[PDB]
Amino acid sequence: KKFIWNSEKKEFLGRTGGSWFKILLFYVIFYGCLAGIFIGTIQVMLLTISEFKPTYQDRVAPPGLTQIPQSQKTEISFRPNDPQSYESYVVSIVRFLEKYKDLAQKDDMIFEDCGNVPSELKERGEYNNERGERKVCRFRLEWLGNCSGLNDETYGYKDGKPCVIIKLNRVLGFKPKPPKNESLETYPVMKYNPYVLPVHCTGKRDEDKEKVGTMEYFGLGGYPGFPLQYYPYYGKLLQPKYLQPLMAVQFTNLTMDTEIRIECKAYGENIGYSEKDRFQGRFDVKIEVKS
Amino acid sequence: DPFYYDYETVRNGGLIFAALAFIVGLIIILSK
Amino acid sequence: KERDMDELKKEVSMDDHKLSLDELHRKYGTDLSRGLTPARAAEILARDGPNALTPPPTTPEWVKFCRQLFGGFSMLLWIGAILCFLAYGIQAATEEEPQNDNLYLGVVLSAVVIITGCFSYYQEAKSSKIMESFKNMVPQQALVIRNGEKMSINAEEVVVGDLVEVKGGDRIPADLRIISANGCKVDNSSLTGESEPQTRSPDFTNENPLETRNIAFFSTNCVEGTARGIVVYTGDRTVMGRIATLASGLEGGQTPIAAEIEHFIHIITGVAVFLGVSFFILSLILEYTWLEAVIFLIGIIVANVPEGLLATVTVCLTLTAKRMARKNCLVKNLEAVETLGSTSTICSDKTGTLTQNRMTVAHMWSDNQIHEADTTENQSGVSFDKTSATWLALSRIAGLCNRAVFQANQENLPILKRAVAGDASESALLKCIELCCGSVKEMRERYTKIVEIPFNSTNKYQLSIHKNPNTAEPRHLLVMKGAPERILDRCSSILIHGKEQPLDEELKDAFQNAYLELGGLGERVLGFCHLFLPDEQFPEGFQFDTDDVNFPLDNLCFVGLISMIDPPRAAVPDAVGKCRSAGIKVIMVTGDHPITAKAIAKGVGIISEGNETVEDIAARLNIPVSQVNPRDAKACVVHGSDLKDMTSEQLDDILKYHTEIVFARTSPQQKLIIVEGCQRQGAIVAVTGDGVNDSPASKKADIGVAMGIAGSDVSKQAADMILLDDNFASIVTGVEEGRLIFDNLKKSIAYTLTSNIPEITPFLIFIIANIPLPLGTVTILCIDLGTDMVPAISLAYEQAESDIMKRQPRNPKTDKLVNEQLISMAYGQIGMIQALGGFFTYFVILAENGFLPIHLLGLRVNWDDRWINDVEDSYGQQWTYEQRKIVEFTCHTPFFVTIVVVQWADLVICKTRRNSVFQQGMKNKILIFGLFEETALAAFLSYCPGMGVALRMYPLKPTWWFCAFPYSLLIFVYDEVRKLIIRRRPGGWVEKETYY
Ligand SMILES: *[C@@H]1O[C@H](CO)[C@@H](O[C@@H]2O[C@H](CO)[C@@H](O)[C@H](O)[C@H]2NC(C)=O)[C@H](O)[C@H]1NC(C)=O
Ligand SMILES: *[C@@H]1O[C@H](CO)[C@@H](O[C@@H]2O[C@H](CO)[C@@H](O)[C@H](O)[C@H]2NC(C)=O)[C@H](O)[C@H]1NC(C)=O
Ligand SMILES: CC(C)CCC[C@@H](C)[C@H]1CC[C@H]2[C@@H]3CC=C4C[C@@H](O)CC[C@]4(C)[C@H]3CC[C@]12C
Ligand SMILES: CC(C)CCC[C@@H](C)[C@H]1CC[C@H]2[C@@H]3CC=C4C[C@@H](O)CC[C@]4(C)[C@H]3CC[C@]12C
Ligand SMILES: CC(C)CCC[C@@H](C)[C@H]1CC[C@H]2[C@@H]3CC=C4C[C@@H](O)CC[C@]4(C)[C@H]3CC[C@]12C
Ligand SMILES: *[C@@H]1O[C@H](CO)[C@@H](O)[C@H](O)[C@H]1NC(C)=O
Ligand SMILES: [Mg+2]
Ligand SMILES: [Mg+2]
Ligand code: NA
């Protein structure tokens, strides 16, 4: 019963030739119309959204806090001697900071020198296209002291006492609001509370907090945070080649050959947190400089 | 702020809808 | 070596009954008048076994439970669960932090089979338990003569070779060899199928030990008289004992419904392995290693298995079996409910199944006119004219001159189904006078009997003289009855409307042709007459002792004839007409005489009027039967004597060229051979019987139908369906429901099979286009085992789109349950629109949050990664792991809602296979609730507090519920116009490709 392949009365794979043609023709017409219909409705869907703003932005309510060494498990384990042990980190740091060089930010028609001091927010009108392509405030590598250097093609970073910069999740129209001067016990920080979003790192428990000896923060003018002069974001279409603020953190007094946990928590009113997303607002890292 | 969605009103509406439709279906199968 | 044991049982029994009185006692070593000594009796008691059939083979309850966990469908779900744990074994040991999805599915697939097994087992067990309340096993003690003394002992305490005596009313214990009888008539109804009471004569009469009269049989009741006999066979070695053991050692076969389930699995797994393999190779060609490719193969093959379809199918069959039990038509088998719908050839028993197996007065001859009395079982027929004087004169002859009376508790019982003591003929007469002529209680005592003459061995006549109570004539009334040929010789006067006339040959030959008319109709006719004795010659004080000629035997006044025969049941003729109307070939298989079976077949519908047999054509042309061409005979009577000398090709030729066949005088084994001959044609066969001879016929048949009360227990246990009410029209209801559930099954299946396309397409393009997952696993379980459960069940409550009892029975080789058209529709067209409807909602949600569809290509690489918390969208926003995972789960929930939205239209279009929805109508209240419950449950699974915590199903923004609206309306309009062209153009294109 499974040799219905052919017969002298015309059957192939089960049916005749004329029948295979009729069915194939019908299915092609049917599926072609289905494709045209899905395309028409999806086109209506594309027309219900604008090019300058996403319709829904509440799923990104609390901005994240990422780092440069995008580790496989947010862990930094290497050898202070072996250069190939920390190659995966440095390569990513150089590739990330490759767009921050003084030669990359050279055009004066798309770049604007914000300033050496964090100032108030810079609102460049509304989000429509009535205005041309907005300007992006510059951010030179010199602001992150001791974690920038004037190295060659390879940024000779810190072997002992490594560096880990943090970055605030770029959100369209997001206006960061640092905490009020009535700081609810925010771990010694500078008095530049009004024009910079604070970010303070710490251990996680009585053990990690003791293992981590001294931390040194670096930012715009020396403040541990992100300046408000770089916000809000106006999308990639209106602001291409945009440079979000950066802030470096170096762990000087570390206990070598011991994995210790660090939590860099960003503070502010417009910065939420989440017990399910350890990256919303806060940020975790597991450092271990094994020699 | 545009970064907030009244999910509670929609959720409350979805549950009332899920309650009214179920009791109506129960009235449907009990034609008396 | 059981192959030889079954063959020595399929053979007709043999005997040594044809022996002289001296030789039998020499062979068995038994005294003819004293039996045997009690010690010799207990020796054969402890030698071979007590006189009782070996109990049936007990079926433990854990056996049939593990049976319901296996099968053909559950086997598919079992191999699927095995693939789930195998795929889980590969995923756990090879990658980091494995997900519990596949294992969550393996435990779910296993639970599906266990729950279905517990439910189906509760239903079949519930069917067997009520059957356990029907075994009214009443021990019956026999009268055995031993050591010259009569002793009443248990039936099991009887052995081989000893004298046994039976009384009129006593049931024959074992197979006896009659040695001395006296007007003893035994009831061979439940065994050989002989209707009228066959007398038992000590002398050997027929070679066949069955037709002979010197043999009493197991499970046969002595109607009247008494007789002696020597036990020949005992226990299982008896006649009906070997027949029962044969029924227990026969194969049930493969039901057609199960064959359709298996044929369904062949296609499901054929396309499942096709997609799994083609995508496995495509996956290895792209970039995925062998490690991930094997999981793709298993995931694609397993996801193509209808999980929720086993429960919907089992419940569908259960729902129909429920209506079977409502009308007292129990089915011990849950799937045998569909077997009647696929039936194309019914093999019915005559005595006990078609007929009532009870002698009843049929026709009467009065005033040279034939009057038909109501022979129905419920008295729902035309009543004869009961006002003339000839009827009163005849009714007194029958109601008075008869040895039949009612018993003690026979008061509240109906006039027909009540017990009556006496001969079968006298019982029919008493039940006719107690029903049409008032009552026989005060009518019998109204005429004080003086001298009676019982039935004689020769010139069988029964007469009696009574006093006259009329307030006009004091002349004694003498009544007499007998055979028409015996009473014609003892009469000269004739009654007509009250007055008398001579024996003129003009009306005398008119009585003779009426005698041949009621006789040729297969009935038994008796002649009744009465005469007024002269009170001037025989005064009121003269005693006419029964010695010499005190009453004039001749010159009597004949009133009329009275015929009688076992009539068919009430709803039997119309039911036969309904089965032949649907196109089922009806063939009577019985062991009765051909003279009565031919008439019953003509009276029930098996033999149509006008159609002639091979013998009727020969009788019409006054030529020998060997001249006519059997092709000129539409119907034909097959005698059992000639069936013994036949091959398989000859039986095939009898069944092909003859539409109306009646097998008469066929042994139980021959009934089995006839059933096998009909199955050789490849047609579905249903056998309906009542006696033990029908046990091997109801067991081997695809389905056996037994009577709940008028049928023996053996044939009742070997059958697959029991008629508790014995109403034969239940067969018509069974075939109707059997075809209706089959079509509702096609609908219920195409419904669950349509949802497979949008359940698998997300995972397919997930691998193809490298896009994030559009539909999760938990969300798929909420569709197959959640929302769609009620619509698939409510789809069973559907009615007929036309007249099902008008179309012809399905062809097992052509009309399959799941053909290539159903797949062309569900998997090809409808499921296709549902899959595109899901992807639309998917892109809508992603594009409105910032992830345009064009930006979603190749994004799953950094999307499913748990540590890249800065995945860029189309607007440049950076999304962490849980933010975008929150969007993906709130993108799976609306995909699930999209499935429900398109299932609205899919349920409405699968609801009707040919007619428009406006034609059939949404009157199915369970289907309306199937939609309300589906919608409320879908909204509840998304908006309940904690759904994103337990099932990862976040609430939906109210704008997503309308993303799938145009697709559902499209599905509805396209299928409606499809059914419309099927209506206006029923030729071939729109009907042979889409109509399933
Ligand atoms: C950046 O690194 C330099 C070393 O290259 C640090 O310079 C040392 O600073 C300490 C005081 O903290 C002096 O006592 C040493 O003499 C300095 N050494 C050299 C070689 O300059 C410098 O402090 C670091 N900058 C910051 C902000 O920590
Ligand atoms: C840097 O950390 C070291 C510990 O690794 C500190 O020095 C230790 O001080 C304790 C007393 O509290 C001594 O018992 C250890 O022997 C010291 N170890 C070494 C290597 O000196 C040191 O004080 C820290 N320095 C700063 C600036 O935080
Ligand atoms: C084809 C038609 C007749 C089916 C009728 C049912 C339709 C109209 C119903 C079924 C489910 C319904 C949705 C149920 C749940 C939600 C969330 C709630 O907080 C707002 C109402 C909203 C958005 C409803 C819109 C209308 C809706 C889609
Ligand atoms: C991921 C992508 C590339 C897979 C595309 C699969 C498409 C092209 C396949 C899947 C199922 C197929 C159909 C399966 C059922 C039928 C009915 C049959 O008697 C003829 C083949 C026909 C008409 C096929 C046409 C092509 C089809 C729609
Ligand atoms: C021939 C005619 C009937 C078909 C017309 C197509 C209609 C029914 C389709 C085409 C595009 C569809 C709309 C596409 C865009 C939006 C915005 C979205 O977030 C919700 C779905 C919604 C609201 C759809 C509703 C139904 C819609 C208007
Ligand atoms: C906050 O308060 C301190 C003193 O408590 C003061 O020196 C500082 O200027 C204040 N800053 C603002 C922004 O008010
Ligand atoms: Mg019978
Ligand atoms: Mg499924
Ligand atoms: Na069977």
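Sort C:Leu53, B:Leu30, A:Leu65, C:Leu927 so that the residue with the fewest other Cβ atoms within 10 Å of its own Cβ comes first and the one with the most comes last.
So the ranking, lowest neighbour count to highest, is B:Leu30, C:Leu53, C:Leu927, A:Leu65.
At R0 = 41 Å, how high is the FRET efficiency between C:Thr387 and C:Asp725 if r is their beta carbon distance? Nearest 0.05 is fine.
Numbers: r = 36 Å, r/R0 = 0.88.
In this case the efficiency is close to 0.70.
If each of A:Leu150 and A:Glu98 carries a label point 7 Å out from its Cα toward its Cβ, how far apart are those two points in nm?
With each label point 7 Å from Cα toward Cβ, the separation is 2.4 nm.
Across every pair of different alpha-carbon atoms, what Kirkwood hydrodynamic radius in Å does the stretch A:183-291 reach? Provide the component values of the computation, followed by the final result.
Working: mean 1/r = 0.0641 Å⁻¹.
Evaluated over the stretch A:183-291, this radius sits at 15.6 Å.
Which of C:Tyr515, A:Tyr223 has the fewest other C-beta atoms within 10 Å, and how do the rest follow up to the most? Write out the running numbers ahead of the final one.
Working: C:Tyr515 19, A:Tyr223 24.
Neighbour counts put them in this order, fewest first: C:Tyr515, A:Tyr223.
Counting only DSSP beta bridges with both residues in the stretch C:360-565, tell me the antiparallel percent, nearest 5.
95
Convex hull over the alpha-carbon atoms of the stretch A:4-115: what's its volume per residue in Å³? Intermediate values should be presented prior to the final figure.
Details: hull volume 42.5 nm³, N = 112.
In the stretch A:4-115, the Cα convex hull volume per residue is 379 Å³.
So if the hydrodynamic radius of the stretch C:860-994 is defined as the Kirkwood radius over C-alpha pairs, what does Stokes-Einstein give as its diffusion coefficient at 10 °C and 1.306 mPa s, in µm² per second? Don't skip to the end; give the middle numbers.
Details: Rh = 17.8 Å.
In µm²/s, the coefficient is 89.
Note down the magnitude of the dipole of the stretch C:355-444 about its Cα centre, charges +1 on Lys and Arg C-beta and -1 on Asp and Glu C-beta and zero elsewhere, to the nearest 20 debye.
Details: 9 positive and 10 negative charges, 54 e Å.
So the dipole magnitude of the stretch C:355-444 works out to roughly 260 debye.
Let's see if you can work this out: charge +1 on each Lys and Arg Cβ, -1 on each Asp and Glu Cβ, no other charges. What is the dipole magnitude of chain C about its Cα centre, in debye to the nearest 20? Walk me through the intermediate numbers first.
Numbers: 94 positive and 120 negative charges, 172 e Å.
That gives a dipole near 820 debye.
Give the calculated FRET efficiency between C:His855 and A:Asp113 to the nearest 0.05, with a Förster radius of 41 Å applied to their Cβ-Cβ distance.
Details: r = 32 Å, r/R0 = 0.79.
So, using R0 = 41 Å, E works out to roughly 0.80.
Would you order C:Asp175, A:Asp159, C:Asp423, C:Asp694 from fewest to most other beta-carbon atoms within 10 Å of each residue's own beta-carbon?
Numbers: C:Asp175 26, A:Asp159 17, C:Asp423 22, C:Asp694 39.
The order, fewest Cβ neighbours first, is A:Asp159, C:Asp423, C:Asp175, C:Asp694.
Extending each Cα 7 Å along its Cβ direction at A:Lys290 and B:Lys32, get the distance between those two points in nm, one decimal.
A separation of 7.7 nm, rounded to one decimal place.
So what is the relative contact order of chain A, in percent, for Cα pairs below 8 Å that sit 6 or more residues apart? List each step's numbers first, then the result.
On the way: 485 pairs, mean separation 71.7, N = 291.
Normalised by residue count, the contact order of chain A is 25 percent.
Residues in the stretch C:152-182, backbone N under 11 Å from the label point at C:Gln407 (7 Å along the Cα-to-beta-carbon vector): list them, ranges by number please.
Zone members listed by number: C:169-170.
Taking the Cα atoms of the stretch C:360-565, report the difference between the largest and smallest coordinate on each principal axis, in whole Å and largest first.
Principal-axis extents of the Cα atoms in the stretch C:360-565, largest first: 48, 44, 36 Å.
For a quick size check, give me the Cα extents of chain C along its three principal axes, largest first, whole Å.
Principal-axis extents of chain C (Cα, largest first): 135, 67, 60 Å.
Take the residue pairs A:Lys106/A:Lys175; C:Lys350/C:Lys598; C:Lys386/C:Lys431; A:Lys1/C:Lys816; C:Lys327/C:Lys585 and return only those whose Cα atoms are more than 19 Å apart. Numbers along the way, then the final one.
Numbers: A:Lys106/A:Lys175 27 Å; C:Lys350/C:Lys598 10 Å; C:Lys386/C:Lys431 16 Å; A:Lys1/C:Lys816 15 Å; C:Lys327/C:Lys585 25 Å.
Correct reply: A:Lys106/A:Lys175; C:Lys327/C:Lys585.
Size of the dipole of the protein assembly as shown about the Cα centre, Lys and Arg at +1 and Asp and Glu at -1 on the beta carbon, nothing else charged, in debye to 20?
Details: 138 positive and 160 negative charges, 496 e Å.
It comes to approximately 2380 debye.
Which entries of B:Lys32/C:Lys417; C:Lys64/C:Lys671; C:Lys322/C:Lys806; C:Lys135/C:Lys644 have Cα-Cα distances beyond 28 Å here? Each step should come with its number before you reach the end.
Details: B:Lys32/C:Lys417 40 Å; C:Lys64/C:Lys671 30 Å; C:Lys322/C:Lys806 24 Å; C:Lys135/C:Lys644 36 Å.
Beyond 28 Å between Cα atoms: B:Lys32/C:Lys417; C:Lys64/C:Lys671; C:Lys135/C:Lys644.
When DSSP assigns beta bridges and you keep just the ones with both residues in the protein assembly as shown, what percent turn out antiparallel, to the nearest 5? The partial results should precede the final answer.
Numbers: 95 of 126 bridges.
That works out to approximately 75 percent antiparallel.
Cross-link candidates for A:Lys191: which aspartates and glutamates have Cα within less than 18 Å, leaving aside residues fewer than 8 places away along the same chain?
Within the straight-line cut-off, A:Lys191 pairs with A:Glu120, A:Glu182, A:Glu216, A:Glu269.
Counting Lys and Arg as +1 and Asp and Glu as -1, what is the net charge of the other residues whose Cβ lies under 13 Å from the Cβ of C:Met922?
On the way: positive: C:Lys911, C:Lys923, C:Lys925; negative: C:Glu798.
Around C:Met922, the charge tally is +2.
Kirkwood Rh over Cα pairs of the protein assembly as shown into Stokes-Einstein at 37 °C, 0.692 mPa s: D in µm²/s?
Values: Rh = 39.3 Å.
Approximately 84 µm²/s, per Stokes-Einstein.
So what is the orientation-averaged projected area of the stretch A:4-49, using the convex hull of its C-alpha atoms, in nm²? Intermediate values should be presented prior to the final figure.
Working: hull surface 14.4 nm².
That works out to 3.6 nm².
How big is the Kirkwood radius of the stretch A:50-291, worked out from every pair of different alpha carbons and given in Å to one decimal?
Values: mean 1/r = 0.0528 Å⁻¹.
Kirkwood radius, the stretch A:50-291: 18.9 Å.
Pairs of alpha-carbon atoms within less than 8 angstrom and 6+ residues apart define the contacts here; what relative contact order does chain C have, in percent? If you can, show how the numbers build up before the last one.
Working: 1801 pairs, mean separation 111.3, N = 996.
It rounds to 11 percent for chain C.
Per residue, what volume in Å³ does the convex hull of the Cα atoms of the stretch C:843-882 enclose?
Taking only Cα atoms, the stretch C:843-882 has a hull volume of 62 Å³ per residue.
Taking a cut-off of 25 Å, what percent of all Cα-Cα pairs in the stretch C:367-481 are separated by more than that? Could you put the intermediate results ahead of the total?
Details: 1744 of 6555 pairs.
Summing the P(r) tail past 25 Å for the stretch C:367-481 gives 27 percent.
Quick check: net charge around A:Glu120, other residues with Cβ under 14 Å of its Cβ, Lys/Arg +1 and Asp/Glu -1? Numbers along the way, then the final one.
Working: positive: A:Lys122, A:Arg124, A:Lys175, A:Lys177; negative: A:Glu123.
Computed value for this residue: +3.
Roughly what would the spin-label model give for C:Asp535 and A:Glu185, points 7 Å off Cα along C-beta, in nm?
According to this spin-label approximation, the distance is 13.3 nm.
Between C:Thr390, C:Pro539, C:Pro567, whose Cα lies farthest towards the positive end of the dipole of chain C when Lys and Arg beta carbons carry +1 and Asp and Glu beta carbons carry -1, centred on the Cα centre?
Toward the positive end, the furthest listed residue is C:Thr390.
Using the reciprocal of the averaged 1/r over all distinct C-alpha pairs, how large is the Kirkwood radius of the stretch C:126-220 in Å?
Details: mean 1/r = 0.0674 Å⁻¹.
Computed over Cα pairs of the stretch C:126-220, the Kirkwood hydrodynamic radius comes out at 14.8 Å.
If you wrap a convex hull around the Cα atoms of the stretch A:75-171, how much volume per residue is inside, in Å³? Working shown, then result.
Numbers: hull volume 13.5 nm³, N = 97.
Hull volume over Cα atoms, normalised by residue count, gives 139 Å³.
Once amide H atoms are placed 1.01 Å from N in the peptide plane, what residues at a sequence separation of 5 or more from A:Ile287, or on another chain, have their amide H within under 5 Å of its amide H?
Sorted by chain and number, the residues that satisfy this are A:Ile76, A:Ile260, A:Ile262.
What number, in percent, do you get for the relative contact order of the stretch C:571-730 if the mean sequence gap of Cα pairs under 8 Å and at least 6 apart is divided by its residue count? Don't jump to the answer; show the numbers that get you there.
Details: 278 pairs, mean separation 31.9, N = 160.
After rounding, I find 20 percent.
Cross-link list A:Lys177/A:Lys276; C:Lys150/C:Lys467; C:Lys150/C:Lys700: which exceed 32 angstrom alpha carbon to alpha carbon? Before the final figure, lay out each step's value.
Details: A:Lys177/A:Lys276 23 Å; C:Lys150/C:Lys467 42 Å; C:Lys150/C:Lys700 43 Å.
Beyond 32 Å: C:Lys150/C:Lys467; C:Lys150/C:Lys700.
With unit charges on the beta carbon (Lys/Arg positive, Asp/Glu negative), name the residue among A:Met247, A:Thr55, A:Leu65 whose Cα is farthest towards the positive pole of the charge dipole of the stretch A:50-291.
Ranked along the dipole, the leading option is A:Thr55.
What FRET efficiency would be calculated for the residue pair A:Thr48, A:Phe3, taking the C-beta separation as r and a Förster radius of 45 Å, to the nearest 0.05? Mind showing how you got there, number by number?
On the way: r = 56 Å, r/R0 = 1.24.
E(calc), rounded to 0.05, equals 0.20.
Could you tell me which of C:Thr94, C:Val108, C:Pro630 has its Cα farthest along the dipole of the protein assembly as shown towards the positive end, charges placed at Cβ (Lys, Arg +1; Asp, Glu -1), taken about the Cα centre?
Highest projection toward the positive end goes to C:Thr94.
Reconstructed Cβ throughout: ideal geometry from the backbone, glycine too, with neighbour counts over all protein chains shown. Values in this text are rule-based calculations from the coordinates and carry no lab data.
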